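Trainee: quick one, structure for this:
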Amino acid sequence: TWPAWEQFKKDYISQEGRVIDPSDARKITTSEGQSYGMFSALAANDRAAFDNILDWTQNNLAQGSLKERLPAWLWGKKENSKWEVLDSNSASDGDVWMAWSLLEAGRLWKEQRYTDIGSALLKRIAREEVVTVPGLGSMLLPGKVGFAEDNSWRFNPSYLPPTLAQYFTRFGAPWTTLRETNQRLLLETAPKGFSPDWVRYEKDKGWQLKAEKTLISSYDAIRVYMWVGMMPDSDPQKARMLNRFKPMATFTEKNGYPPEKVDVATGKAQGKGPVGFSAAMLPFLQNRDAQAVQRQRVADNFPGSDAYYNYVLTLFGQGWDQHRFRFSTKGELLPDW
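Mentor: Residues are numbered from 1 along each chain as shown. The relevant structure is shown in the block below.
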């Protein structure tokens, strides 16, 4: 039993298996939310929840089958009292977490059905939202449509955790190249030690790292530091990424909290991140004292029932801090069941 996960289910997961953000008047579900629910259910050894969440996802986000289409990213209440897909575009972070969770569920629970669905999903991600970018090679787009145009692409460094990238390499191309190009994305777009929420690449011109509105480390990029922290200590990439992002650790150590927003071009930080940002620091911070300062903030300000975003970050970050799961050197789940 994973008590925070139990309370999460009560607060945020319907009997029909949908993960809900109640802060929104539309009471929305996302493919990302479904995928985190599935990951957490697998981590908890909660097969009933996993199945129910998978069922709702296939029926409501994938018109019956994840084998046939990437899940719609956004679902919720329309103006006419109707509940339905609100945006049919995909969000590839949901897609990859969802594929990984299915493949690992298939392996760990010895159910071929999960493997089959996870495999078909993963292949479709590769077909439909991976593209070859001149100068980079294979890249993972943030979604099926809207992130690529002639000679320009937009990426989200938080979308592919290095542990997942490692895992997928077992499936060959394009995942073998994507592991390396994902490293390039993380390392080359943080000139001042802070990863951007969003970043563009232009053919020949390269990364676009001059100051602009979304080139900041805030609500998306906070996950980058957390994914790096979750890498196994043995992995030599980890050291390299810890070094790159050291200025985030340094700010948090010095100030006693992570910032809300950091200008990626200048390194200038503003504001104080919410409790979920402190949870994200838990795997990332290597200093025992600084980690304990963040641990206290999460413990004393633990997210309630109307704090979906912070609760999601807390499941991952405090979850890791309490050994609720680990990742192997091959990106597999090492469950704590």
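Trainee: contacts and neighbour counts: CA atoms only from here.
Mentor: Fine.
Trainee: show me the strands in this structure, by range?
Mentor: All strands of the chain, identified by DSSP state E, fall at 29-30, 74-77, 83-87, 130-133, 137-140, 148-149, 152-155, 199-202, 206-207, 216-217, 261-263, 269-270, 325-327, 333-335.
Trainee: quick one: the residue in the chain sticking out farthest from the centre and residue 305, what's the gap?
Mentor: Largest separation from the mean C-alpha position in the chain: residue 80, at 32.1 Å (Cα atoms, centre = their mean). Going from residue 80 to residue 305 by Cα to Cα, to the nearest Å gives 27 Å.
Trainee: export stretch 235-250 as CSV, just CAs?
Mentor: Taking C-alpha atoms only, stretch 235-250 is exported to CSV below (Å, rounded to 0.1, in the frame of the first residue of the first chain):
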residue,chain,number,x,y,z
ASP,A,235,24.7,6.1,-15.2
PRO,A,236,27.6,8.4,-16.3
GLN,A,237,25.1,10.6,-18.1
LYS,A,238,23.6,11.5,-14.8
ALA,A,239,26.7,13.2,-13.5
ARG,A,240,26.9,15.2,-16.7
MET,A,241,23.4,16.4,-16.4
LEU,A,242,23.7,17.1,-12.7
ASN,A,243,26.6,19.3,-13.6
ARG,A,244,24.7,21.1,-16.3
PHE,A,245,21.8,21.9,-14.1
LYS,A,246,23.9,22.7,-11.0
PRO,A,247,22.7,26.3,-10.8
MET,A,248,19.1,25.1,-10.0
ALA,A,249,20.5,23.0,-7.1
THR,A,250,22.6,26.0,-6.1
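Trainee: contacts for that stretch, please.
Mentor: 186-187, 190, 192-195, 225, 228-229, 231-233, 258, 281, 284-285, 329 (Cα atoms under 8 Å, 6 or more residues apart in numbering).
Trainee: now list the buried members of these.
Mentor: 186-187, 190, 192-195, 225, 228-229, 231-232, 258, 281, 284-285, 329 (16 or more other Cα atoms under 10 Å).
Trainee: from these, which ones fall inside helices?
Mentor: Residues of the buried ones among the contacts of stretch 235-250 located in helices (DSSP state H): 186, 187, 225, 228, 229, 281, 284.
Trainee: quick one: contacts for the closest residue to residue 53 other than its chain neighbours?
Mentor: Excluding the flanking residues, the one nearest residue 53 by Cα to Cα, 6 or more residues apart in numbering is residue 17, at 4.2 Å. Residues counted as contacts of residue 17 (Cα under 8 Å, 6+ apart) are 49, 52, 53, 54, 55, 56, 57.
Trainee: count the residues that sit near the fifth one.
Mentor: Counted by other Cα atoms under 10 Å, the residues lying close to residue 55 total 17.
Trainee: ok so, going back, now, the contacts of residue 17 that are in helices?
Mentor: 49, 52, 53, 54, 55, 56, 57.
Trainee: what is the burial count for residue 18?
Mentor: When neighbours are defined as other Cα under 10 Å, residue 18 has 25 of them.
Trainee: so residue 311 is in contact with residue 303, correct?
Mentor: Yes. If you go by Cα atoms under 8 Å, residue 311 and residue 303 touch, sitting 5.5 Å apart.
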